[PDB]
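Okay, so here's the structure we're looking at.
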Amino acid sequence: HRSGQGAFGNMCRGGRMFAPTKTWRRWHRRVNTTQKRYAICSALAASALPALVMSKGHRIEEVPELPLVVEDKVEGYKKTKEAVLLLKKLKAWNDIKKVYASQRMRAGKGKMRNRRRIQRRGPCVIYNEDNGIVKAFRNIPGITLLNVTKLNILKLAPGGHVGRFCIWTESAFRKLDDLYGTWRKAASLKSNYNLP
Amino acid sequence: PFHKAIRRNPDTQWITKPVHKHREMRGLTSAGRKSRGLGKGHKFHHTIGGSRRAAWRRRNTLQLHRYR
Amino acid sequence: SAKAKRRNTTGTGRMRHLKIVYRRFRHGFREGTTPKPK
Amino acid sequence: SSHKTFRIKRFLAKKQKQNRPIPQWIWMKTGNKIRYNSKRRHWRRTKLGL
Amino acid sequence: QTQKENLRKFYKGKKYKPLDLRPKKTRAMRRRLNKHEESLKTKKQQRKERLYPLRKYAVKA
Amino acid sequence: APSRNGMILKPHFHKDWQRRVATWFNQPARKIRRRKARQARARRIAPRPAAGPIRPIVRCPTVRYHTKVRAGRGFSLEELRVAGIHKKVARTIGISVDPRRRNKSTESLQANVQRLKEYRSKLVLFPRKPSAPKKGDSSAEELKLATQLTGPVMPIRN
Amino acid sequence: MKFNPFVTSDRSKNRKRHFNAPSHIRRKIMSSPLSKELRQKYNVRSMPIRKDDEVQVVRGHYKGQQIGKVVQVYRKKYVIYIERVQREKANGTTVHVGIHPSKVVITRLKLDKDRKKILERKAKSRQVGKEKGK
RNA sequence: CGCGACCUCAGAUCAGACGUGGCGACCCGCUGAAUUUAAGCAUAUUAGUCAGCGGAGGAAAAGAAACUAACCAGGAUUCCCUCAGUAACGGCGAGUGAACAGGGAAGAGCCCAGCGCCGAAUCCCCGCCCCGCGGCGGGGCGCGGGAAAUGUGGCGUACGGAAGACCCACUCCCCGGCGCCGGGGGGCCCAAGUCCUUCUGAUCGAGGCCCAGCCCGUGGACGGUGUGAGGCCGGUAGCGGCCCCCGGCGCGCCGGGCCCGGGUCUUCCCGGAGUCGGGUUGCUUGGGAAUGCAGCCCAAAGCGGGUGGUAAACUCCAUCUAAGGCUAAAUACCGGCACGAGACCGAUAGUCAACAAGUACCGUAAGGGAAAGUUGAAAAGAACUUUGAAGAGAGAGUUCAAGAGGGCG
RNA sequence: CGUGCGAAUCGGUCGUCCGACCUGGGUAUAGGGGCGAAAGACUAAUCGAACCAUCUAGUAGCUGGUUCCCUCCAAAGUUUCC
RNA sequence: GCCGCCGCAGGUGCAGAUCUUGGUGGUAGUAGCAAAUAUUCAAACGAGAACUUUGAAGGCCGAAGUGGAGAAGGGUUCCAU
């Protein structure tokens, strides 16, 4: 059946497609260090700005008054039922109930490409040291646990939306003053960076 | 290489290795090294690295980084 | 002759010795042992 | 050739056994993708290569 | 099987044996030296290992 | 259609450079492989430090860069002669020894002798057998106080 | 969550391993949970299915409290045939309707020595997993 | 003529060990053309280019100085960065075009010819018996033989070595089995709703499950289960549980070979050849009064010789000593053995081939090379009446629907 | 006939037909080469240099085409050179 | 199974290219079923006979045949239901 078909070209059946994809394409983009400094900055002042939390869509009504800092015994818990009890005592259950409610399906080619189940991102929690907190909070989704110094811009602004709430601890709240300090004083742990 | 008096000698166990098979065919002996021309000095900048072919390959290639 | 290489490959035939070479290599070349009976 | 051979005669004897089509019990089972015998041969249609 | 175990039990005690009873394996594992021949070290190497072995040492802080 | 006033170059792309393509795929893979090899080496040598043998003080050629101090290969023959310790004994305790290097500087000679005296003062020698000690061994307290020095031992500073 | 990179987490690969499997793996896939009384008594969550075991229908159209014996097991479609589950063909005969083994409650198991070995192994694993947690 | 050997050269179904070849992504050594660029073209460039020949390995190449070098010096090899597309080559046009310098993955060194000291003081094969070994290992016996003085065993390699004399102080050097002491591979199983009202085709669907805002979570990854399931199941989590096997590392035991060193004074010894190098002619390199190799002729010097980017004469100083050799380390992988992941594609797309695909098929041959998915959840695949020779109709039956009728989303 | 029975057939019709007569099988001669009573004649339906694969996506100052909307501004067929 | 919104990315916008593959029309029930003389009746299995069967009549090829057998080549093409 294939006799004088002429399968070469993009306009014909197969042969080659137009503009073949490059392995040597510049996929990555390098970022300057001082730009990463200002990217890590301008986060806590926007997460505290309470209007961006309502623009994101979190239940802000359950927290009466605190940019939430809980005592150092949070890392001592090693049970998911103790974690649910702590969330009920802090009344912050509706934001995770919204995650359990919003279980919509992805519309596209990602269903057969191992990107089927999607869910809502919840608030972040920053811990200082491990005391069995990961073994407790690894099961419940939505709550992402991060380090004090090691922070990521992608997790602070999910999808270019600043306003995601971040729970801190007492040791981290005392360590932020040792890390950053003030405008006229440089960083003690780091080498040299002043606030703008 | 398969004779017993040569095999038992530990001074010639590197000769009977399977890596060193057919040295005279590749030309890694004294005449094979003298036929090419190499040594030490500032005049010899063509055998740096592995050999002439490896140096030519390291010269005529390009290196593209990740973040460029 | 690029198509003549892919006409007669080694994967086309039996590989009846080659597959048991890989099956002995994945064990580690034991030489005529017996499994443990009851 | 009126003067027949030994090895090509056994080749033709194997082709005569390959000439027969599929049986009736092969499609009665669960997995039946084969509708009919595709690899067939006819003495007027196919000249047996060569 | 029974005749082959009887033949190998008969020819196990003798030095010479046929090529079928010898273990078949890969070429790079056949064509090697003996285990004692790999352990044959030279006299000067044994003299160096006798005179100066590698010592266990450390430094302070 | 060549443009106006600008720079000129010789773009070496006339050859088939698509054949010889070697881009950096395994940079973090090579970094993790070197990290695991270094950790395996550090777990292999338990009493020995990460650096191992110390390096002498080396003066520099090339008068553009003659005001520097490098870390060369090993100690010299006149240095080991002034130190007094025999070279075949000092090689067994992990000292970089090479007879090829020259000696044209009494100040760096005395500095390398002082470095060897500091290494002798900081030296802790283990017994051959842990059950039975020998003659030339240290005390039992230094065997417990000895540990892995994470980093270069006695670094060269300006 | 999973933290082992050797564990397969691909949808097409799981759909391949679900269908394409030999007979001893198909038999272990074909299983059924126990009843509320027998589960509390034996402390066993689930057991595989057998021709000699009794099967009640849990879900579906023809559901009820009928104790049905398995006619024969067909592991190519992962199906069994229950005794009192059938319908009439137009010619006059009766053909049994296949029911998936997951919608099966266990009323009685045909106890053998090999069956009691699996029961003791699962009970020992349950007791170890309960003692390590509590 | 007759008798016994040394050298040259002989044939194997003599005992026993090798090579042949398929394949080969990476590599080693050689031959290595033009389409083209120079808007023409021959010098140049493409270009040590495809292709061809020979060869082994999980790497090969590779490696301890007849080195960089005029600095206050360094001192085995390898890859990356800057050097800089820098000096330079080139109908000086087009174009071609390295390293010395510094920082990191890296650290293992040396051994032979000659020189001379000691009674060839040196070993192999075959047989006997004893212990034992899916790497026939060690010893005991062998005027049983053969080899090797045309040179074997140790000392012994350029950083000096050895011997004589004079002081010091030392006891361990590895190997084979036996028993103890705690990483890997192959398997086998471990939680919580099928709780109520209701819908259709079944629910995996909607509502509620209190003051306990139903239940477990070192388990809500993934898949199936008559629609979209953490609690139906397989499995998920665990430096968790059970079975088998191997070696690694620390201690005891006997057995095998095994007694061998640092400092001072004196005397002998010492370097690798038709090889470097010169004249002439090609190849190639950035290499340019020659960077290297090769064809012909000549061919040494031993306070001797190579180099010191300009050829040749008169000299002072700096470098180590080609003509002998081994050595793992970071380096490459497009084919194969086991997987994981993806801002890649979705039945004329993606490997040409998602199916009994280099398969069917064509050519005398080297060779060329296709078309092709979606019944119904479940075959419940149509029994019964009639027309008609049968094909082909008209009523019934199944199912939620034939609006799904055997090539049936 | 001339979109054939036929990618070169048939009718009338001839030159030659004991000798420079045709030819059945095996073998030798293969591509800047062979064969050739000499026509660049023939060499597998292809011979002023046979077939297939690679360089090759060789070169082309030259032809052929090159896909949504709305608004504003708004051209030259020439000086000199090769 | 899918849509909008905030940022980002493309193998993202067709009418042609004697464009590629596939499908379908006017043509069109047109042209055609003419190289080599020749067939005609009775019955018959069968629903059904210008083409098949037997029975009869009339002819052709004219021994260099429209005859019987071989080789190359084809490979069950031979026979029965």
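Chains: A, B, ... in order of the structure tokens. Residues: from 1 per chain. Ligands: from 1, in order shown.
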
Contact residues around residue 51 in chain G with only C-alpha atoms (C1' of nucleotides) at 10 Å, ignoring same-chain residues under 6 positions, as an mmCIF file with N, CA, C and O atoms, in the first residue's frame:
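Full text of out.cif as output:
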```
data_model
loop_
_atom_site.group_PDB
_atom_site.id
_atom_site.type_symbol
_atom_site.label_atom_id
_atom_site.label_comp_id
_atom_site.auth_asym_id
_atom_site.auth_seq_id
_atom_site.Cartn_x
_atom_site.Cartn_y
_atom_site.Cartn_z
ATOM 1 N N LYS G 69 -23.276 -21.906 47.484
ATOM 2 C CA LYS G 69 -22.005 -22.587 47.293
ATOM 3 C C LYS G 69 -21.414 -22.229 45.932
ATOM 4 O O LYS G 69 -22.133 -22.067 44.942
ATOM 5 N N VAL G 70 -20.090 -22.088 45.895
ATOM 6 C CA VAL G 70 -19.383 -21.734 44.668
ATOM 7 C C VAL G 70 -19.418 -22.915 43.706
ATOM 8 O O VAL G 70 -19.046 -24.038 44.066
ATOM 9 N N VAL G 71 -19.877 -22.663 42.478
ATOM 10 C CA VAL G 71 -19.893 -23.706 41.457
ATOM 11 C C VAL G 71 -18.481 -24.001 40.973
ATOM 12 O O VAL G 71 -17.980 -25.121 41.124
ATOM 13 N N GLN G 72 -17.819 -23.004 40.388
ATOM 14 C CA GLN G 72 -16.425 -23.129 39.987
ATOM 15 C C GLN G 72 -15.811 -21.736 39.955
ATOM 16 O O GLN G 72 -16.510 -20.734 39.789
ATOM 17 N N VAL G 73 -14.498 -21.690 40.125
ATOM 18 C CA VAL G 73 -13.754 -20.436 40.170
ATOM 19 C C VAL G 73 -13.116 -20.196 38.808
ATOM 20 O O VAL G 73 -12.475 -21.085 38.238
ATOM 21 N N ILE G 80 -16.465 -15.858 40.345
ATOM 22 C CA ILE G 80 -16.977 -17.137 40.815
ATOM 23 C C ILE G 80 -18.401 -17.281 40.301
ATOM 24 O O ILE G 80 -18.990 -16.341 39.761
ATOM 25 N N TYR G 81 -18.953 -18.477 40.472
ATOM 26 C CA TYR G 81 -20.347 -18.755 40.148
ATOM 27 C C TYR G 81 -21.034 -19.327 41.380
ATOM 28 O O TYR G 81 -20.608 -20.358 41.912
ATOM 29 N N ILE G 82 -22.091 -18.660 41.825
ATOM 30 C CA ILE G 82 -22.835 -19.027 43.023
ATOM 31 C C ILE G 82 -23.940 -19.996 42.610
ATOM 32 O O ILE G 82 -24.432 -19.948 41.477
ATOM 33 N N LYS G 110 -14.184 -23.686 54.835
ATOM 34 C CA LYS G 110 -13.838 -25.105 54.831
ATOM 35 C C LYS G 110 -12.452 -25.233 55.450
ATOM 36 O O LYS G 110 -11.437 -24.994 54.793
#
```

Which residues, written as a VMD selection string, have at least one atom at most 9 Å from residue 19 in chain B, with only C-alpha atoms (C1' of nucleotides) counted and residues fewer than 6 positions away on the same chain left out?
chain H and resid 56 to 57 60

Within 12 Å of residue 12 in chain E, counting only C-alpha atoms (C1' of nucleotides), which residues show up once you throw out same-chain ones fewer than 6 positions away? Write them as a PDB file with N, CA and C atoms (P, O5', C5', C4', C3', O3' and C1' of nucleotides), in the first residue's frame, please.
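So the final result, stored in part-v9.pdb, reads:
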```
ATOM      1  N   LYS E   4      24.695 -40.790  36.973  1.00  0.00           N
ATOM      2  CA  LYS E   4      25.639 -39.680  36.978  1.00  0.00           C
ATOM      3  C   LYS E   4      26.207 -39.427  38.376  1.00  0.00           C
ATOM      4  N   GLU E   5      25.396 -39.599  39.434  1.00  0.00           N
ATOM      5  CA  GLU E   5      25.962 -39.480  40.778  1.00  0.00           C
ATOM      6  C   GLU E   5      26.895 -40.646  41.084  1.00  0.00           C
ATOM      7  N   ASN E   6      26.616 -41.835  40.529  1.00  0.00           N
ATOM      8  CA  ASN E   6      27.532 -42.958  40.726  1.00  0.00           C
ATOM      9  C   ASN E   6      28.855 -42.736  39.998  1.00  0.00           C
ATOM     10  N   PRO E  18      36.906 -36.312  33.194  1.00  0.00           N
ATOM     11  CA  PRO E  18      36.521 -35.838  31.858  1.00  0.00           C
ATOM     12  C   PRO E  18      36.077 -34.381  31.871  1.00  0.00           C
ATOM     13  N   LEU E  21      32.472 -33.396  33.400  1.00  0.00           N
ATOM     14  CA  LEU E  21      32.336 -33.262  34.846  1.00  0.00           C
ATOM     15  C   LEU E  21      32.997 -31.995  35.375  1.00  0.00           C
ATOM     16  N   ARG E  22      33.851 -31.355  34.580  1.00  0.00           N
ATOM     17  CA  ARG E  22      34.465 -30.106  34.993  1.00  0.00           C
ATOM     18  C   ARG E  22      33.440 -28.971  34.924  1.00  0.00           C
TER      19      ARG E  22
ATOM     20  P     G H 132      41.382 -34.177  55.695  1.00  0.00           P
ATOM     21  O5'   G H 132      41.886 -33.791  54.230  1.00  0.00           O
ATOM     22  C5'   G H 132      42.322 -32.472  53.923  1.00  0.00           C
ATOM     23  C4'   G H 132      42.172 -32.166  52.452  1.00  0.00           C
ATOM     24  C3'   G H 132      40.944 -31.356  52.065  1.00  0.00           C
ATOM     25  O3'   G H 132      41.123 -29.960  52.236  1.00  0.00           O
ATOM     26  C1'   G H 132      41.121 -33.239  50.643  1.00  0.00           C
ATOM     27  P     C H 133      39.850 -28.984  52.349  1.00  0.00           P
ATOM     28  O5'   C H 133      39.751 -28.303  50.911  1.00  0.00           O
ATOM     29  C5'   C H 133      38.717 -28.652  50.002  1.00  0.00           C
ATOM     30  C4'   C H 133      39.145 -28.423  48.573  1.00  0.00           C
ATOM     31  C3'   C H 133      38.192 -28.916  47.496  1.00  0.00           C
ATOM     32  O3'   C H 133      37.114 -28.028  47.253  1.00  0.00           O
ATOM     33  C1'   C H 133      40.434 -29.518  46.954  1.00  0.00           C
ATOM     34  P     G H 134      35.758 -28.573  46.586  1.00  0.00           P
ATOM     35  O5'   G H 134      36.013 -28.436  45.019  1.00  0.00           O
ATOM     36  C5'   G H 134      35.084 -28.962  44.076  1.00  0.00           C
ATOM     37  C4'   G H 134      34.826 -27.994  42.947  1.00  0.00           C
ATOM     38  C3'   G H 134      34.140 -26.693  43.355  1.00  0.00           C
ATOM     39  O3'   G H 134      34.592 -25.639  42.506  1.00  0.00           O
ATOM     40  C1'   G H 134      32.775 -27.852  41.814  1.00  0.00           C
ATOM     41  P     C H 136      42.260 -26.162  40.226  1.00  0.00           P
ATOM     42  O5'   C H 136      42.095 -26.991  41.576  1.00  0.00           O
ATOM     43  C5'   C H 136      42.373 -28.387  41.620  1.00  0.00           C
ATOM     44  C4'   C H 136      43.478 -28.706  42.598  1.00  0.00           C
ATOM     45  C3'   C H 136      44.853 -28.944  41.976  1.00  0.00           C
ATOM     46  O3'   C H 136      45.858 -28.494  42.885  1.00  0.00           O
ATOM     47  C1'   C H 136      44.185 -30.870  43.156  1.00  0.00           C
TER      48        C H 136
END
```

Closest atom pairs, residues of chain B within 12 Å of chain A, only C-alpha atoms, as JSON lines:
```
{"residue": "B:62", "atom": "CA", "partner": "A:24", "partner_atom": "CA", "distance": 11.4}
{"residue": "B:63", "atom": "CA", "partner": "A:24", "partner_atom": "CA", "distance": 10.3}
{"residue": "B:64", "atom": "CA", "partner": "A:24", "partner_atom": "CA", "distance": 7.5}
{"residue": "B:65", "atom": "CA", "partner": "A:26", "partner_atom": "CA", "distance": 8.9}
{"residue": "B:66", "atom": "CA", "partner": "A:28", "partner_atom": "CA", "distance": 6.4}
{"residue": "B:67", "atom": "CA", "partner": "A:28", "partner_atom": "CA", "distance": 5.2}
{"residue": "B:68", "atom": "CA", "partner": "A:30", "partner_atom": "CA", "distance": 7.3}
```

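Near residue 34 in chain D, within 10 Å and counting only C-alpha atoms (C1' of nucleotides), sit residues 22, 26 and 27 of chain D; 355 and 356 of chain H, not including residues fewer than 5 positions from it in the same chain.
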
Could you please select, counting only C-alpha atoms (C1' of nucleotides), the residues of chain A within 12 Å of chain J and state them as an MDAnalysis selection string?
chainID A and resid 1:2 4:21 27 55:56 104:108 111 157:162

With a cut-off of 9 Å and counting only C-alpha atoms, select all residues of chain E in contact with chain C and give the selection as a PDB file with N, CA, C and O atoms, in the first residue's frame.
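What landed in part24.pdb:
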```
ATOM      1  N   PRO E  23      33.509 -27.999  35.858  1.00  0.00           N
ATOM      2  CA  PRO E  23      32.474 -26.952  35.911  1.00  0.00           C
ATOM      3  C   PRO E  23      32.516 -25.967  34.751  1.00  0.00           C
ATOM      4  O   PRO E  23      33.536 -25.318  34.498  1.00  0.00           O
ATOM      5  N   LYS E  24      31.396 -25.858  34.040  1.00  0.00           N
ATOM      6  CA  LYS E  24      31.276 -24.932  32.922  1.00  0.00           C
ATOM      7  C   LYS E  24      30.793 -23.573  33.419  1.00  0.00           C
ATOM      8  O   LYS E  24      29.819 -23.487  34.174  1.00  0.00           O
ATOM      9  N   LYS E  25      31.473 -22.514  32.989  1.00  0.00           N
ATOM     10  CA  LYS E  25      31.172 -21.157  33.427  1.00  0.00           C
ATOM     11  C   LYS E  25      31.624 -20.191  32.335  1.00  0.00           C
ATOM     12  O   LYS E  25      31.890 -20.595  31.199  1.00  0.00           O
ATOM     13  N   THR E  26      31.696 -18.905  32.673  1.00  0.00           N
ATOM     14  CA  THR E  26      32.081 -17.905  31.690  1.00  0.00           C
ATOM     15  C   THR E  26      33.580 -17.965  31.406  1.00  0.00           C
ATOM     16  O   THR E  26      34.366 -18.527  32.170  1.00  0.00           O
TER      17      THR E  26
END
```

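The protein and nucleic acid residues lying at most 9 Å from residue 117 in chain H are residues 155, 162 and 163 of chain H, with only C-alpha atoms (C1' of nucleotides) considered and sequence neighbours fewer than 4 positions away removed.
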
Given a cut-off of 7 Å, which residues of chain A touch chain G, counting only C-alpha atoms, written out as a PyMOL selection string?
chain A and resi 114+138-139

Can I get the selection written as a PDB file, in the first residue's frame, with N, CA, C and O atoms?
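Listing of result-v3.pdb after writing:
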```pdb
ATOM      1  N   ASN A 114      -0.158  10.539  35.706  1.00  0.00           N
ATOM      2  CA  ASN A 114       0.123  10.487  37.151  1.00  0.00           C
ATOM      3  C   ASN A 114      -0.018  11.855  37.820  1.00  0.00           C
ATOM      4  O   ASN A 114       0.736  12.202  38.732  1.00  0.00           O
ATOM      5  N   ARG A 138       3.003  13.475  59.006  1.00  0.00           N
ATOM      6  CA  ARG A 138       3.245  13.074  57.622  1.00  0.00           C
ATOM      7  C   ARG A 138       1.996  12.495  56.966  1.00  0.00           C
ATOM      8  O   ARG A 138       1.913  12.447  55.734  1.00  0.00           O
ATOM      9  N   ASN A 139       1.012  12.065  57.759  1.00  0.00           N
ATOM     10  CA  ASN A 139      -0.152  11.407  57.174  1.00  0.00           C
ATOM     11  C   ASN A 139      -1.182  12.422  56.689  1.00  0.00           C
ATOM     12  O   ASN A 139      -1.719  12.285  55.583  1.00  0.00           O
TER      13      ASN A 139
END
```

Provide as a ChimeraX atom specification the residues of chain H at most 7 Å from chain B, counting only C-alpha atoms (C1' of nucleotides).
/H:17,28-29,55-57,61-62,67,78,124,291-293

Would you save the residues from that selection as a PDB file, in the first residue's frame, using C-alpha atoms (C1' of nucleotides)?
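What follows is the written file part_36.pdb:
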```
ATOM      1  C1'   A H  17      46.964 -26.537  27.606  1.00  0.00           C
ATOM      2  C1'   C H  28      43.376   1.738  21.231  1.00  0.00           C
ATOM      3  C1'   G H  29      46.591   1.641  16.699  1.00  0.00           C
ATOM      4  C1'   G H  55      41.690  -6.066  19.138  1.00  0.00           C
ATOM      5  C1'   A H  56      40.252  -6.911  24.632  1.00  0.00           C
ATOM      6  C1'   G H  57      38.175  -4.736  28.911  1.00  0.00           C
ATOM      7  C1'   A H  61      43.922   5.138  26.851  1.00  0.00           C
ATOM      8  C1'   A H  62      46.956   6.472  31.313  1.00  0.00           C
ATOM      9  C1'   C H  67      59.483  18.114  33.253  1.00  0.00           C
ATOM     10  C1'   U H  78      43.556  12.610  35.244  1.00  0.00           C
ATOM     11  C1'   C H 124      59.399 -27.912  36.638  1.00  0.00           C
ATOM     12  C1'   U H 291      56.360  20.606  17.128  1.00  0.00           C
ATOM     13  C1'   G H 292      56.661  15.463  16.062  1.00  0.00           C
ATOM     14  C1'   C H 293      56.702  10.901  13.107  1.00  0.00           C
TER      15        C H 293
END
```

List as JSON lines every residue of chain I that is in contact with chain C, defined as an atom at most 12 Å from one of its atoms (using only C-alpha atoms (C1' of nucleotides)), together with the nearest atom pair and the distance in Å rounded to one decimal, sorted by chain and then rising number.
```
{"residue": "I:52", "atom": "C1'", "partner": "C:1", "partner_atom": "CA", "distance": 10.1}
{"residue": "I:53", "atom": "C1'", "partner": "C:1", "partner_atom": "CA", "distance": 6.1}
{"residue": "I:54", "atom": "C1'", "partner": "C:1", "partner_atom": "CA", "distance": 8.1}
```

What does the file look like for those residues with N, CA, C and O atoms (P, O5', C5', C4', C3', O3' and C1' of nucleotides), as a PDB file, in the first residue's frame?
```pdb
ATOM      1  P     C I  52      18.578   2.485  -7.948  1.00  0.00           P
ATOM      2  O5'   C I  52      19.014   1.893  -6.534  1.00  0.00           O
ATOM      3  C5'   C I  52      18.196   0.957  -5.846  1.00  0.00           C
ATOM      4  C4'   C I  52      18.865   0.460  -4.588  1.00  0.00           C
ATOM      5  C3'   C I  52      19.321   1.531  -3.610  1.00  0.00           C
ATOM      6  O3'   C I  52      18.278   2.010  -2.781  1.00  0.00           O
ATOM      7  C1'   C I  52      21.062  -0.038  -3.930  1.00  0.00           C
ATOM      8  P     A I  53      18.339   3.503  -2.186  1.00  0.00           P
ATOM      9  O5'   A I  53      19.419   3.426  -1.014  1.00  0.00           O
ATOM     10  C5'   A I  53      19.155   2.720   0.190  1.00  0.00           C
ATOM     11  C4'   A I  53      20.382   2.635   1.069  1.00  0.00           C
ATOM     12  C3'   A I  53      21.034   3.954   1.452  1.00  0.00           C
ATOM     13  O3'   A I  53      20.391   4.588   2.545  1.00  0.00           O
ATOM     14  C1'   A I  53      22.695   2.414   0.757  1.00  0.00           C
ATOM     15  P     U I  54      20.397   6.191   2.677  1.00  0.00           P
ATOM     16  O5'   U I  54      21.877   6.546   3.148  1.00  0.00           O
ATOM     17  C5'   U I  54      22.356   6.164   4.431  1.00  0.00           C
ATOM     18  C4'   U I  54      23.823   6.482   4.584  1.00  0.00           C
ATOM     19  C3'   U I  54      24.205   7.939   4.373  1.00  0.00           C
ATOM     20  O3'   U I  54      24.044   8.706   5.553  1.00  0.00           O
ATOM     21  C1'   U I  54      25.680   6.530   3.151  1.00  0.00           C
TER      22        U I  54
END
```

If we count only C-alpha atoms (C1' of nucleotides), what is near range 81-93 of chain A at a cut-off of 7 Å, once residues fewer than 4 positions away on the same chain are taken out, given as a list in words?
residues 62, 77 and 97 of chain A

Find the residues around residue 58 in chain I up to 12 Å (only C-alpha atoms (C1' of nucleotides) counted), leave out those fewer than 6 positions away in its own chain, and share them as JSON, numbers by chain.
{"H": [34, 35, 36]}

Report the residues of chain G whose backbone DSSP state falls under helix (DSSP H, G or I), written as a PyMOL selection string.
chain G and resi 11-19+23-29+36-42+113-133

I'd like the interatomic distance between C1' of residue 31 in chain I and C1' of residue 49 in chain I, to a tenth of an Å.
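Computed distance, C1' of residue 31 in chain I to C1' of residue 49 in chain I, equals 7.5 Å.
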
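The space separating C1' of residue 239 in chain H from CA of residue 46 in chain F comes to 22.4 Å.
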